[PDB]
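Since the structure comes first, as structure tokens, the remarks are kept for the end.
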Amino acid sequence: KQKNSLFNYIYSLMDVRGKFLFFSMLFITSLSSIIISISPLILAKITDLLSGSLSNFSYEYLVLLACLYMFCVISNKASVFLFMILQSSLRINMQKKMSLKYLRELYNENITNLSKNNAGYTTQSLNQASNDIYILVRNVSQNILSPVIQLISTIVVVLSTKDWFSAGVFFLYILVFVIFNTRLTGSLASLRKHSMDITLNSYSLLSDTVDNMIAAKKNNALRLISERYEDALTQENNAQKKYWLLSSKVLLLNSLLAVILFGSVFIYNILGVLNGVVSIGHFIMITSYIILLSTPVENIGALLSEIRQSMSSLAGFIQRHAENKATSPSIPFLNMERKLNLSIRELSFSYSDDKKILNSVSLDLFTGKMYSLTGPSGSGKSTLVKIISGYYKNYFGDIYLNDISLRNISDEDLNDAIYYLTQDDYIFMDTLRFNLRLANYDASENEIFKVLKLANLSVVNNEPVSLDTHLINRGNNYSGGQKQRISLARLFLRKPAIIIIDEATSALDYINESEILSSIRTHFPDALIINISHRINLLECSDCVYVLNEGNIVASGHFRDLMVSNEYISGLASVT
Amino acid sequence: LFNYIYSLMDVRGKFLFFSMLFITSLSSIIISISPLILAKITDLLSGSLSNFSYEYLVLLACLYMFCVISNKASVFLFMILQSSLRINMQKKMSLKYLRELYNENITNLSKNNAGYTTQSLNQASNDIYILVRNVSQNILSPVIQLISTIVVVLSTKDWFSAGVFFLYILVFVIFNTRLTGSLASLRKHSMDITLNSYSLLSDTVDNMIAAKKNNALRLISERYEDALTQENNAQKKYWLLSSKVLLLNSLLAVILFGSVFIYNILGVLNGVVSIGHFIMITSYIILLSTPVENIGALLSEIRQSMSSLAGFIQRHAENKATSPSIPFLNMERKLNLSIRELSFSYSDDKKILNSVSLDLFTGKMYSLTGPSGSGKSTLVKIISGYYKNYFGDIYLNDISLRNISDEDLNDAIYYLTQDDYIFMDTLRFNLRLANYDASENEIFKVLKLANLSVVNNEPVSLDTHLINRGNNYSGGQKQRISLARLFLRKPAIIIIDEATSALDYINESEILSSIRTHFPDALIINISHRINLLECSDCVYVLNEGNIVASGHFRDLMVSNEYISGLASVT
Ligand SMILES: Nc1ncnc2c1ncn2[C@@H]1O[C@H](COP(=O)(O)OP(=O)(O)O)[C@@H](O)[C@H]1O
Ligand SMILES: Nc1ncnc2c1ncn2[C@@H]1O[C@H](COP(=O)(O)OP(=O)(O)O)[C@@H](O)[C@H]1O
Ligand code: VO4
Ligand code: VO4
Ligand SMILES: [Mg+2]
Ligand SMILES: [Mg+2]
């Protein structure tokens, strides 16, 4: 069942030009194997015409025979060049469609599954899959019809000349070969998959070390860094050497079998020629078939290996990327209001197992009101707002948005209703314009520049900020606070009912922090605001404060009514 | 270039490479006898065919079979040795890259992402492979087969055949070398666009959550689709030139070798040329395709894999400037810092530090504050030796920073960065980054001082696996990993750049207390917008638009300076 889905996926990557290039590749490979299967007869016909005549034969017929053999050789080589030209054209063609399908498939994946592996890994995963497709496309377009044609004609013709020992041992070889190899193909595929997986692990570790180079440099940790890569490379080599040995043995054994079987057919026909039983023409024909048969035997060997091993390695890729189990019963086009109230009822959560992060969070929040959420680091403030922001779906309890449950809200609608300002910044390596267009695609040049003022990013170091400012990897082109302001400017282009600020202002100075937080409430008057902070001034300003401790909400109400009652907030309000 | 590829080969690597060259050379000698054996077989068919001439035909047929068998055994043996050599050279190449990346400057490292550096290694691996191959297979072997052909056809005194044969190799080597550079440039430019495309994929995948939550599939997809379109167009441009060269080389071969075939046909029809010679000539025409092809590869492949590999060495080894300083263990126990008229620019277009003049001393805690964009991080980064292109001077007990080895500087100073750098590995590995030789106890002791020995009423294991960017942990728990590192280190200067922002007042004060206790003589610079650290410091420094605008005690500054007055009023 998964075998059919695999080839349908490869077929789908081919547009109209792609389908033609693939069929042209199949046709040309098939046509040339018909033509080249004729050539050992031509050679035999040349041999007899000369043998046993003392220059007494049609010289015009020898020339016609020599020219037909040349046509065979020329057409077969033209076919090889034409196939490889079509092959590269089809690679180029299928490449783009393959790569976008991956990116679009990655976008539709859940946060939990995305977080599992780094960019180094996902980047080399595409690499392996692209190459795997390539191999499969080739093996199908070249090693299916062509070797069958050349092997059928060879047994048919050798059977026709009533040579039973030759056609017998010939058919015996293809039988012993196809059996022996298939009885060792899976064993190679498994050794190859396991190797390619270790290879992903190795690229994963390289990107992990390169992304945190600064840390390893500053701690003078070259030894620790180098050793864990050297270990990964050693796991890679050993996994590769294990494949190499099996591959080398199969090849040696297949070679020795060919030498024993085809060698006998050669000695048999030698003795047949020496005892006048077999003609020289026929001897040359059997000699010519033995030589010609190597390439279709090679193409079969390849197919049996390459098809099974690229199918296995490609199966594994489709698995860890399309395990789509979501299908949450969402309301079709249920547009959300200006004023939305949140209701969290007995919410429970665990990231893995073994540990519960949220005990039984019961909360009730309303439109146009600002709420503060605090507690020690490890309580689960981020976790709670992430669940509200639909990062995670396997939660116990219920979350409502004016009677409508989160479970019945589409991830697109939820993301339009709520805007989460993350603890960590996510700045795209692109223009400032691009980073802000992330919030709203259709935003005009003015709407974007207006938003810079609101985030206090219209002027940097008494100089006007350009929308074409190129932003380096992780936006380290900008200061900690300037990074936070990019993410803040995004909120102003969006139009949400709920606004979550998870320690999203921590890197800003008192002036900026207050001015932006002011502009937020001004621009979004009816917006419900959840604010996560460890600071009294951000807690003071709220309509109500919530204290989270080890998963459970331990205290509620006004900050002033809590700064003496609650153990945590009294600990914060220890500021002289 | 070839010295670099040679260096990647150990003893097993050098053997495998020479075995590959030998076997390729030996088989081309053997297969160059082949058309003469075919001639003798054609001679016998139209000649001697007595009992002895039948036995001579069989011994001849066996020699041709030996040629064909030995040539194929050689092909299989070469590919076995090639893969063995690939495996062999692979590890040595990859570590050289990592070690080369570690020794690069922060400014150059920041220039490209992981997606880019990862696929950069990929391209160079493949470029080495091609070069190793074209050298071990397409140099001696085609020369042997082309020399012997012209020698033998010259010997049978056929001038038109050996003439047009030599003419082809001459026209071929000329025509192709004329277009090789044009192909290499089109290929390099394509491979570079390919890096740009992998760079954009890793950039999008690393910031997927942002694009997902902003429902930005269209903007994200469009950007990649554009990059892929720049990739296809760069690839199609190479494809066409490649396809033209191949079709023109094919048409030239059909015209020149076709003539040699027609000439010898007419020679056979007019009794001028024997059938035995006619076969030997077509047998040489057929045989010559593979050495012509291997020269076609050698000419084109050696040049294009040298161009793209030249680029890779350029961007990963150019460091013409190197200050021959070297004063060793520049400091012991105690340290003082002296910044004199420090000025700095990142891209020279704008000045970040105007003329910072500061003086700091042992055992004293100092606070540095100012608006976001003033340059607090910039200044401490320069103190931490991130950048060396600065005007002015920085001293560390009379010794200038310029004369302090990056190793010694990193042992004297410990910078706790604004952003956290958690390795995807065990907690043990993340802390062993600070001190390799640290014992299980030294590491666990440090976990307590970091307030990380217990998470959610459970004791923290040193074998805790930490996901990509340490997102397996809370913002504050990430900061505590970086803080736990400091307690394994032994510095004279300790910089805390907003390194406790994600921590609550209880832990911030509790850890900051254990820092001062464990490092009593340590000079401490603290960058904070909060006051619970500014009030605690022996002196406060206010940075505004590059220049240090205010100094002294915090209390004496919330009277004098309006910024410090306004900040304290947040009570
Ligand atoms: N690596 C960099 N490349 C270019 N410009 C940078 C870089 N890092 C920071 N900047 C610029 O230098 C200014 C000062 O740097 P920084 O220390 O990060 O500011 P802050 O006072 O917020 O700590 C920033 O406002 C920013 O525009
Ligand atoms: N993505 C995650 N995967 C696994 N564990 C996590 C994740 N995020 C946080 N945790 C765990 O959950 C707890 C609290 O998480 P978090 O919401 O980030 O904390 P905080 O109270 O600082 O907001 C921690 O004890 C931490 O180990
Ligand atoms: O790990 V937290 O308390 O959001 O900073
Ligand atoms: O970018 V700074 O947060 O150190 O103001
Ligand atoms: Mg949090
Ligand atoms: Mg800073």
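Just so it is clear, chain A uses Swiss-Prot numbers, and the residues here are 4-579, in order.
How was it done? The header gives X-ray crystallography, 3.4 Å.
Positions of Cβ are set from backbone N, Cα and C atoms, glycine also.
Summarising the annotation, Swiss-Prot assigns ATP binding site to A:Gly378, A:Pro379, A:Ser380, A:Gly381, A:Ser382, A:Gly383, A:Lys384, A:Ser385. Using a 10 Å radius centred on the Cβ of A:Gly381 (ATP binding site) and all shown protein chains, the other Cβ atoms total 24.
Per Swiss-Prot, the feature domain 'ABC transmembrane type-1' maps to A:25-312; the stated evidence is sequence analysis.
According to Swiss-Prot, the domain 'ABC transporter' annotation covers A:345-578, on the basis of sequence analysis.
The feature transmembrane segment is assigned by Swiss-Prot to A:25-45 (among others), with sequence analysis given as support. Residues 17, 68, 71-72, 74-76, 78-79, 82-83, 85-86, 89-90, 93, 140, 143-145, 148-150, 152-153, 156-157, 160, 288, 291-292, 295, 299 of the same chain lie 6 or more positions beyond the ends of the transmembrane segment (A:25-45) yet place their CB under 8 Å from a CB of it.
Here the transmembrane segment (A:66-86) has Cβ contacts under 8 Å with residues 28, 31-32, 34-35, 38-39, 41-42, 45-46, 48-49, 52, 144-145 of the same chain, all six or more residues outside its ends. What Swiss-Prot lists as transmembrane segment is A:66-86 (among others).
Marked as transmembrane segment by Swiss-Prot: A:143-163 (among others).
Taken from Swiss-Prot, the feature transmembrane segment covers A:167-187 (among others), and the record attributes it to sequence analysis. Counting only same-chain residues 6+ beyond the ends of the transmembrane segment (A:167-187), those with a CB under 8 A from a CB of the stretch are 154, 157-158, 161, 249, 253, 256-257, 260-261, 264-265, 267-268, 271-272, 289, 292, 296, 300, 303-304, 307-308.
As annotated by Swiss-Prot, transmembrane segment applies to A:261-281 (among others), with the evidence given as sequence analysis.
The transmembrane segment feature in Swiss-Prot is assigned to A:286-306 (among others); the stated evidence is sequence analysis.
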Among all protein chains shown, how many Cβ atoms are found within 10 Å of the Cβ of A:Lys384 (ATP binding site), not counting that one?
25
I'd like to know which of the binding-site residues listed (A:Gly378, A:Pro379, A:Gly381, A:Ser382, A:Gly383) lie near ligand 3, counting only a CB under 6 Å away.
none
Let me spell it out: take the transmembrane segment (A:261-281), skip the flanking residues so only those 6+ beyond its ends count, and list any with a Cβ under 8 Å from a Cβ in it.
168-169, 172-173, 175-176, 179, 289-290, 293, 296-297, 300
Could you work out which of the binding-site residues (A:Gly378, A:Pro379, A:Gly383) has its C-beta surrounded by the smallest number of other C-beta atoms within 10 A?
A:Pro379
CB contacts for A:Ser382 (ATP binding site) [other CB atoms within 10 A, all chains]:
26
Sequence-ordered binding-site residues from A:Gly378, A:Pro379, A:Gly381 with Cβ under 6 Å of an atom of ligand 5:
none
From the binding-site residues listed here (A:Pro379, A:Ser380, A:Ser382), select those whose CB sits under 6 A from an atom of ligand 2.
A:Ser380, A:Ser382
So what sits near A:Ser385 (ATP binding site) in its own chain, CB-to-CB under 8 Å and at least six residues off in sequence?
A:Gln426, A:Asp505, A:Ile535
According to DSSP, does A:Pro379 (ATP binding site) sit in a helix, a strand, or coil?
coil
